[PDB]
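Every chain is numbered from 1 and lettered A, B, ... according to where its sequence line falls, protein lines coming before strand lines. Note that ligands are numbered from 1 as they come in the structure, with each ligand's atoms numbered from 1 the same way.
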Amino acid sequence: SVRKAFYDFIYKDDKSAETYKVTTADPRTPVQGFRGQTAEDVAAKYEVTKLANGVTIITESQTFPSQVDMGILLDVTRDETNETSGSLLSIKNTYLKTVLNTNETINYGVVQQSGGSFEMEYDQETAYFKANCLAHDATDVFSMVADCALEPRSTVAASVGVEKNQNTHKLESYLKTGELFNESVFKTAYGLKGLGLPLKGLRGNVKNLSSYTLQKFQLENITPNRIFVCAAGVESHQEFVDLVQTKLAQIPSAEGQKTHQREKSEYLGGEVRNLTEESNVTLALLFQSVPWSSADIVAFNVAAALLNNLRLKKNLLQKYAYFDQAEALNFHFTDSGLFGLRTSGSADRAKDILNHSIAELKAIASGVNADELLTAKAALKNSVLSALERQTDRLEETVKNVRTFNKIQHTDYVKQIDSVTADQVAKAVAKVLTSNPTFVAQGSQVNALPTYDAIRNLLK
Amino acid sequence: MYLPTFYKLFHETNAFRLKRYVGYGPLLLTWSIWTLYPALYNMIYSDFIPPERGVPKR
Amino acid sequence: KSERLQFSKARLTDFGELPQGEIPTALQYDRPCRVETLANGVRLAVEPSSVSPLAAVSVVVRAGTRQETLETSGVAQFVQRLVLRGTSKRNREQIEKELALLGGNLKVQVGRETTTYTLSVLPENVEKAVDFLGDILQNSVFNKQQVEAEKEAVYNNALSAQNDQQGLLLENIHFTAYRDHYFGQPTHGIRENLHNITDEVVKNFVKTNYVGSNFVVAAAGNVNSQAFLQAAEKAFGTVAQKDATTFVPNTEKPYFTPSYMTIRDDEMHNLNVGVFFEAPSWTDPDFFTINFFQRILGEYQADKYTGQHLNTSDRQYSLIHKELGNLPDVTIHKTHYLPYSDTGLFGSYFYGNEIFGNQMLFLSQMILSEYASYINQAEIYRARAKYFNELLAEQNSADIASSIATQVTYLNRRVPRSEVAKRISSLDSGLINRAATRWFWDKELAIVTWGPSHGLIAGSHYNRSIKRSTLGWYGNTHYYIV
Amino acid sequence: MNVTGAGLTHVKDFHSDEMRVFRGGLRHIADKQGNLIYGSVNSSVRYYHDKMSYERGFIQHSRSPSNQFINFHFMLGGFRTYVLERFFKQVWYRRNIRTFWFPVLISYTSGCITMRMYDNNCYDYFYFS
Amino acid sequence: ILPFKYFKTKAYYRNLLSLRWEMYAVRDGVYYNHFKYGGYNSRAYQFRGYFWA
Ligand SMILES: CCCCCCCCCCCCCCCCCC(=O)OC[C@H](COP(=O)([O-])OCC(O)COP(=O)([O-])OC[C@@H](COC(=O)CCCCCCCCCCCCCCCCC)OC(=O)CCCCCCCCCCCCCCCCC)OC(=O)CCCCCCCCCCCCCCCCC
Ligand SMILES: CCCCCCCCCCCCCCCCCC(=O)OC[C@H](COP(=O)([O-])OCC(O)COP(=O)([O-])OC[C@@H](COC(=O)CCCCCCCCCCCCCCCCC)OC(=O)CCCCCCCCCCCCCCCCC)OC(=O)CCCCCCCCCCCCCCCCC
Ligand SMILES: CCCCCCCCCCCCCCCCCC(=O)OC[C@H](COP(=O)([O-])OCC[N+](C)(C)C)OC(=O)CCCCCCCCCCCCCCCCC
Ligand SMILES: CCCCCCCCCCCCCCCCCC(=O)OC[C@H](COP(=O)([O-])OCC[N+](C)(C)C)OC(=O)CCCCCCCCCCCCCCCCC
């Protein structure tokens with residue numbers, strides 16, 4: 001009004017203004033006249049439906065008024081061939097770039113002004129575009145999530161992605177991050193195919209990530225039968241179903257056309273020994289674990305919780321000083337799995353780093369004490385429930401549970417962890433140890449290590 | 001959500017900057033009035049207030 | 001449910017955004033919370049959330065670094081570590097086993113003027129968390145041998161503070177801001193005094209400060225209000241009551257001392273620069289306005305935001321991010337608002353290449369000062385939406401319990417989501433400008449620059465440029481060069 | 001992190017040999033070392049010739065003007081073909097006159113008409129009967 | 001105007017020189033390689049190819 005205009009022209013407070021009173025109200029007492037409503041939490045209900053095409057929809061009902069979360073999960077790095085290795089990384093580096101309905105700048109502005117967040121994360125055999133925002137901004141945000149998650153890559157997007165992928169590769173090489181070491185581990189484990197393709201993609205194929213290759217990748221892999229849409233905090237399932245239908249209904253059914261299909265993954269017991277002249281030696285010893293289908297997966301997690309929390313610290317890090325750091329790796333895949341240890345320590349005692357490490361893993365095969373098992377299970381429960389308490393992570397794991405087991409199992413994770421016993425963990429680890437080892441070593445004196453046959457004999 | 005065009009943001013920013021800079025117009029006017037005051041006096045009483053017509057008898 | 005569909009945009013009257021005084025429907029509802037006070041002065045707060053899978057119990061004790069002395073410097077760390085060493089009822093093995101059996105998440109953080117012990121557990125043993133946590137903080141026995149044993153750990157922890165460069169720069173900012181008060185001394189204690197703390201000093205510190213009036217126990221998550229209240233009355237109800245006769249050091253106001261410190265350490269490859277204004281206290285009228293300012297001048301990292309995703313930095317609704325996008329080597333920026341009982345510090349921490357030292361030095365000063373004269377509505381609404389999302393996003397039991405305990409400690413009240421939303425939504429361009437000129441325009445500064453200072457050594461004093469940098473568009477000469 | 005990029009991004013960084021005298025010991029830097037900074041007008045003025053050109057498999061032959069006619073192809077045909085036809089019908093008319101004969105003719109006619117009207121009115125002013 | 005000039009210039013310079021300096025003993029593994037390999041001279045172009053060769 002005129003009074004506000006006058007009091008803004010001269011930067012002087014308007015004492016009588018109600019907004020001034022509200023903003024300058026003493027924090028010790030509530031603002032006069034305002035008293036928000038009170039409400040109690042409600043049990044969460046999960047509902048799953050399928051469209052005429054293969055797209056699936058999952059909703060977690062509102063438990064308490066909060067920001068709505070949405071997401072799209074694509075079963076589509078395992079589905080990358082040497083022709084199009086690293087496409088998913090380029091998509092990640094330019095996940096906000098769309099040109100069909102909304103622009104890169106405009107959808108970034110949508111993210112910024114909605115006050116929420118929008119992220120894209122991809123693993124082997126999965127990509128996930130998640131977003132969280134206020135309810136009244138949900139619709140628009142979803143229009144961005146779907147397009148960014150389903151629109152074919154544009155030439156400008158691919159051009160930007162090539163540069164960003166090159167920068168990412170340079171940064172990874174400069175930092176010597178454990179991700180590159182894991183890439184080498186998977187290369188030797190599976191053999192540059194299926195799960196063996198590097199997560200960040202081959203560096204020699206970066207220049208080939210043109211819009212044509214990305215579009216070929218999307219056409220081959222992205223199909224309605226492998227698209228899951230998820231919402232969390234939605235009062236009505238049907239409202240979100242309609243919201244999705246308004247966007248993903250156009251996608252034609254892929255039935256009747258030869259599908260790409262995923263080749264069954266084979267495990268290879270290779271070894272890699274790289275001389276890097278590093279003052280520290282990094283070793284990794286892995287074996288084939290069980291897939292998601294097998295019930296032993298939980299046990300394996302407990303085994304990891306038995307190492308990364310209680311054992312591996314005391315037996316290796318505390319007793320020996322040359323152990324820079326040791327950890328237990330546990331990856332699960334739809335058709336295979338990996339479980340083992342990754343250690344790093346002084347190069348001059350590389351052999352001492354290896355033997356002891358094996359013993360620790362072998363100790364698990366020997367048996368587990370009751371107290372250690374209880375501690376590991378308690379720590380695993382704490383971590384899992386800390387993850388589940390946050391709505392976004394809960395929704396992501398809900399999507400993954402639906403896409404893997406066709407039902408929701410995160411509601412009874414605690415019971416599954418409780419059901420685990422020491423005997424099951426010991427037997428599972430003993431069975432895993434019998435598999436052909438996959439051994440990787442990068443260090444200054446990796447040239448002097450026990451032979452692969454000696455490694456197997458020690459493991460035996 | 002509030003998604004104003006960058007045209008509008010540029011226009012509003014430049015409007016504020018113009019408002020800020022206009023405040024020095026009076027300052028320079030006062031400086032050039034204190035200075036050159038005889039010129040202002042000549043202008044005022046030659047154009048806006050012309051002298052009287054008649055002449056002294058002598 | 002809610003009237004009409006929840007995704008409705010009907011209320012978005014102001015061109016796709018809510019009006020000034022309105023708040024989102026989600027923030028109109030507040031979770032029940034009850035606060036009670038005991039005879040000892042211990043304050044029990046409970047905000048149950050049945051659906052949550054965990055229960056968090058956070059004990060906040062107002063004892064902290066502020067209540068120490070040069071001769072007793074660092075005793076707070078010793079108390080922190082010795083609480084878990086043993087007690088009359090439980091040994092070190094006993095307490096370690098108890099902690100392992102239940103949730104192993106026991107986060108203990110000691111900061112100036114406060115110490116927080118937050119324990120996260122399963123809902124079915126929340127009482128075990130209370131009775132345990134009430135015992136450990138109350139009946140702990142401090143042996144001379146045990147205190148001697150942990151001197152090495154405390155000393156090493158006082159040397160490794162440089163690993164978290166942001167934390168060390170904040171410590172140095174506190175040092176330079178309050179040069180005539182113990183509030184400026186580091187929270188990790190004086191290195192050379194950390195080998196002089198004995199059993200008697202620790203016992204005196206925990207007898208003078210750990211009193212009922214200084215205890216606030218908050219519970220969040222799947223917790224039964226009545227059961228938790230009864231358990232906490234049983235456990236913390238026997239805490240010794242505060243005695244007015246005892247003397248608590250450093251009780252005067254830490255008056256702000258503007259200064260500029262240059263920790264010149266070449267070979268670092270990067271520069272940490274912190275620039276801070278004096279800020280209101282917890283009880284000041286402009287408490288929520290400064291939080292809104294913090295969310296206006298948000299965090300930044302070169303791996304995110306304009307650093308990696310945009311055609312140009314100008315094509316966005318954030319001026320600070322617009323400036324930071326054009327600086328390739330300025331990697332990290334974060335805005336910190338630290339309110340205390342008497343004073344506060346609001347400022348920016350930059351971490352980036354030293355070639356841009358004069359930019360990071362003069363950037364945060366300019367933007368805030370610019371808001372003293374003109375702030376666009378786009379920035380106001382961006383900060384408002386960010387604040388709403390932050391209010392709705394506090395869903396983890398530990399963090400919410402800690403926030404409840406801190407709010408009860410510093411305000412004797414739990415501030416509901418709806419009230420904060422109403423307070424910050426009412427802010428307008430004029431109110432923002434007036435608050436900024438009250439706190440940012442033509443004001444003094446506390447500056448610290450840690451790292452390569454070859455290009456910053458000249459002009460490394462509080463010269464004309466530093467004082468004129470807090471003027472929007474006046475004194476911005478040095479920022480735009482290079 | 002203590003790394004140059006702070007552990008978050010890769011910085012395209014370069015230490016220019018400019019403002020340095022010795023690359024090692026007492027040895028001097030190459031005189032034209034600065035020219036190795038590609039894509040900079042400051043490096044060389046030749047960068048101002050920034051036309052777009054890329055080609056492969058192209059071979060060009062140019063002969064010394066010492067083995068060529070001083071005035072090549074001059075009056076190669078008859079005078080009529082080289083001058084009257086090539087120059088006065090394909091270089092002057094086909095290019096110049098054929099493009100402006102109509103507009104210039106219209107403008108000239110209109111200007112002449114109006115100037116004649118102006119002169120007639122002037123005569124009427126000056127002379128009576 | 002002389003006294004105000006004095007206040008502006010000489011007292012101000014004396015105030016700016018009220019600096020507290022501190023030097024410590026850094027004995028970490030880091031070597032002072034920046035000192036050994038560093039430095040830029042604005043007149044280096046006048047010294048390159050002319051002096052100390
Ligand atoms: C009504 C009835 C009418 C009846 C009559 C009708 C008549 C009709 C006539 C029609 C005429 C048609 C003309 C057609 C022209 C076509 C041209 C042509 O195609 O050119 C290419 C033609 C062919 O070359 P091409 O294309 O390589 O073809 C290869 C050929 O098959 C083979 O190539 P080539 O290499 O064998 O070429 C041979 C060519 C030459 O070709 C060459 O290789 C080039 C050689 C150039 C040499 C130039 C002269 C060098 C010396 C200069 C003076 C230095 C003085 C230094 C003093 C120092 C003192 C200290 O022959 C010559 O040697 C001729 C050069 C003549 C140069 C004259 C310049 C002026 C000299 C003045 C001297 C003054 C002295 C003063 C002393 C001191 C006084 C105090 O090349 C030439 O002709 C080059 C020479 C051109 C000379 C032009 C001179 C013009 C003079 C002015 C205009 C004339 C009127 C002036 C009136 C003045 C009144 C005051
Ligand atoms: C009163 C005193 C005297 C005053 C004199 C005033 C002169 C005014 C001239 C106005 C035009 C100047 C244009 C300059 C260039 C800009 C235009 C341009 O480039 O256009 C692109 C156009 C197309 O080029 P393009 O597509 O880029 O292709 C590249 C060309 O092939 C590239 O071309 P190119 O390199 O192959 O050709 C070079 C060019 C070289 O020409 C030049 O521009 C050189 C001029 C040198 C002398 C300039 C200064 C002279 C000053 C004398 C007075 C000095 C007084 C002050 C003295 C000191 C103080 C007292 O030679 C020609 O092409 C000549 C072709 C024209 C020959 C005549 C053919 C038509 C004959 C039948 C009509 C006769 C008149 C009809 C009147 C209306 C009724 C029908 O270029 C041309 O073809 C234009 C050529 C240049 C103009 C030719 C003459 C046109 C005159 C029309 C005047 C009509 C006025 C209204 C009626 C007046 C009634 C009295
Ligand atoms: C006919 C005139 C010819 C002779 C030249 C006259 C020159 C007079 C110079 C002295 C008076 C200047 C007064 C305005 C000062 C503005 C300063 C400024 O930066 O602007 C603030 C802000 C910008 O703030 P800023 O802080 O970004 O300023 C920097 C501006 N740049 C980047 C351009 C250097 O701009 C405005 O919003 C106001 C602009 C006012 C001037 C607009 C000029 C064009 C429109 C009006 C004139 C149109 C007719 C021109 C003649 C055409 C004839 C056919
Ligand atoms: C006949 C002669 C008549 C003379 C009458 C004189 C009466 C003067 C009375 C003045 C009363 C006080 C007014 C205070 C205004 C403060 C505004 C403000 O907040 O400023 C901040 C802003 C800029 O702010 P800022 O960015 O510099 O800093 C703000 C400060 N903080 C951050 C702390 C809040 O400046 C302006 O508003 C300036 C523009 C407004 C004034 C413009 C006047 C133009 C007049 C031109 C001369 C005309 C002469 C006549 C010509 C006739 C031709 C025929």
What is the closest protein heavy atom to [atom], and at what distance does it sit?
atom                    : answer
atom 24 (O) of ligand 2 : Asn96(D) ND2, 4.2 Å
atom 15 (C) of ligand 4 : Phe9(A) CE2, 4.2 Å
atom 16 (C) of ligand 4 : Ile10(A) CG2, 4.2 Å
atom 71 (C) of ligand 2 : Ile97(D) CD1, 4.6 Å
atom 95 (C) of ligand 2 : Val104(D) CG1, 4.4 Å
atom 33 (C) of ligand 4 : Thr437(C) OG1, 3.3 Å
atom 25 (P) of ligand 4 : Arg20(B) NH1, 3.6 Å

Next item on the list: Check each atom of ligand 4 against the heavy atoms of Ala372(C) and keep those under 4.0 Å away; list them by number with element.
Entry: 32 (C), 34 (C)
Next item on the list: Output the list of atoms in ligand 4 that are nearer than 4.0 Å to some heavy atom of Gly23(B), sorted by atom number.
Entry: 38 (C), 39 (C)
Without swapping roles, check the side chain of [X] against the backbone of [Y] for a donor-acceptor pair under 3.5 Å.
X         : Y         : answer
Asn463(C) : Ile466(C) : yes
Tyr317(C) : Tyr381(C) : no
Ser373(C) : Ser369(C) : no

Margin query: When you measure from the heavy atoms of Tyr474(C) to every atom of ligand 4, does any distance fall below 4.0 Å?
Written below: yes
Check: Quick one: does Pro26(B) get within less than 4.0 Å of ligand 4, heavy atoms only?
Finding: yes
For [atom], state whether the nearest protein heavy atom is under 4.0 Å away.
atom                    : result
atom 31 (O) of ligand 1 : no
atom 65 (C) of ligand 1 : no
atom 18 (C) of ligand 4 : yes
atom 28 (O) of ligand 1 : yes

Notebook entry, point to check: Can we say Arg20(B) and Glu370(C) salt-bridge, meaning some charged N sits less than 4.0 Å from an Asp/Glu carboxylate O?
Noted result: yes
Margin query: For ligand 4 and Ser373(C), I'd like to know whether there is a polar contact (N/O to N/O, distance under 3.5 Å).
Written below: yes
Check: For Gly25(B), is at least one N or O under 3.5 Å away from an N or O on ligand 4?
Finding: no
Next item on the list: Validate the cation-pi geometry between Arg86(D) and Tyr82(D): distance from NZ or CZ to the six-membered ring centre under 6.0 Å, angle to the ring axis within 45°.
Entry: yes
Next item on the list: Examine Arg295(C) relative to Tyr387(C) and say whether NZ or CZ is less than 6.0 Å from the centre of the six-membered ring and inside a 45° cone about the ring axis.
Entry: yes
Check: For ligand 2, which atoms, with element, lie under 4.0 Å from some heavy atom of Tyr108(D)?
Finding: 78 (C), 79 (C), 97 (C), 99 (C)
